[PDB]
DNA sequence: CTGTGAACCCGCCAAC
DNA sequence: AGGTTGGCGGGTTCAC
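Numbering (full-length UniProt numbering), first residue to last: 230 to 340.
So this is what it looks like as structure tokens:
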């Protein structure tokens, strides 16, 4: 029975919502400073970095599986604006959302 | 790009 | 003499 773990699982399932890190902290019955420390010490990353990281990976999935527009995806991935999506996506994957989907559909027409 | 304002987040450290 | 906690300061990142 692990509340730090339970909140991580909860985050994944509920990536599409937008929440304070302070929120996650509360949902894990910890002070911020504890949450922050214990999170990183478990996760390898800090909360909103990990959030971003995860949200991006969901974008990557939707860009592969679905036909939602880049702008429709940012919403489904919890990004507050389509401009933030491009930003974090480009930074950790190496190309824009569209350009990534474009290369994929070409290289792997079949899925 | 540029700019303002808020959020994060990690070292430091006294305090259990 | 081992360890976890949590406010606080404020550079860096995020967001618009």
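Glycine included, every Cβ here is placed at the ideal spot set by N, Cα and C.
- Between residue 241 and residue 306, the beta carbon gap of about 12 Å keeps them out of contact (Cβ cut-off 8 Å).
- Membership of residue 257 in any alpha helix (DSSP H) is not indicated, and neither H nor E is assigned to it by DSSP.
- Note that the C-beta distance between residue 334 and residue 325 is not below 7 Å.
- The C-alpha of residue 308 is placed about 17 Å away from the C-alpha of residue 251.
- A check of alpha carbon separations from residue 235 across 294, 261, 268 and 323 identifies 268 as the nearest.
- DSSP, reduced to helix, strand and coil, places residue 277 within a helical segment of the structure shown.
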